[PDB]
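Residue numbers (this note's numbering): 1 to 94.
We put the CB at the ideal spot given by N, CA and C, even for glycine.
Here is the structure we will look at.
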Ligand SMILES: O=P(O)(O)O[C@@H]1[C@@H](OP(=O)(O)O)[C@H](OP(=O)(O)O)[C@@H](O)[C@H](OP(=O)(O)O)[C@@H]1OP(=O)(O)O
């Protein structure tokens, strides 16, 4: 069951550039998979949300810090979309 999907920009870890990715949030277990919007069917990666912390912080930025301390910086297109994503991620992290 897919709780939420949509696109966000995601910042790279070393080079700080922002790329559009499609995100799919699932809840049992809680994963945020992300995919190249124009490319491969296979996911590029997945974020394990159990125990993560998400915070509002370019604008409409927010950050996820996972249980193993990885930081992901994301940017929504509007403040409303940021608010919705943060709320959905928090709920799924429980
Ligand atoms: O090559 P992998 O998939 O191991 O890692 C890349 C990161 O590369 P490095 O670890 O820094 O070598 C990339 O970061 P930089 O390009 O270095 O800024 C990062 O942009 C990659 O993200 P996508 O999967 O394409 O969404 C991707 O990082 P993610 O693990 O997916 O967030």
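Within the present structure, is the beta-carbon of residue i separated from the nearest heavy atom of ligand 1 by less than 7 angstroms?
i          : result
residue 71 : no
residue 48 : no
residue 33 : no
residue 44 : yes
residue 94 : no
residue 39 : no
I'd like the list of long-range same chain contacts for residue i, defined as Cβ closer than 6 angstroms, with 5 residues on each side in sequence excluded.
i           : result
residue 109 : Since the first and last residues shown for the chain are 1 and 94, residue 109 lies out of range.
With 16 as the cutoff for other CB atoms within 10 Å, does residue i come out buried or exposed?
i          : result
residue 16 : exposed
residue 80 : exposed
Might you give, ordered along the chain, the residues of its own chain that have their beta carbon closer than 7 angstroms to the beta carbon of residue i, omitting 5 neighbours on each side?
i          : result
residue 56 : 62, 82, 86
Write down the C-beta distance between residue i and residue j rounded to the nearest angstrom, noting that I regard them as a contact closer than 8 angstroms.
i          : j          : result
residue 5  : residue 22 : 7 angstroms
residue 74 : residue 10 : 6 angstroms
residue 76 : residue 8  : 6 angstroms
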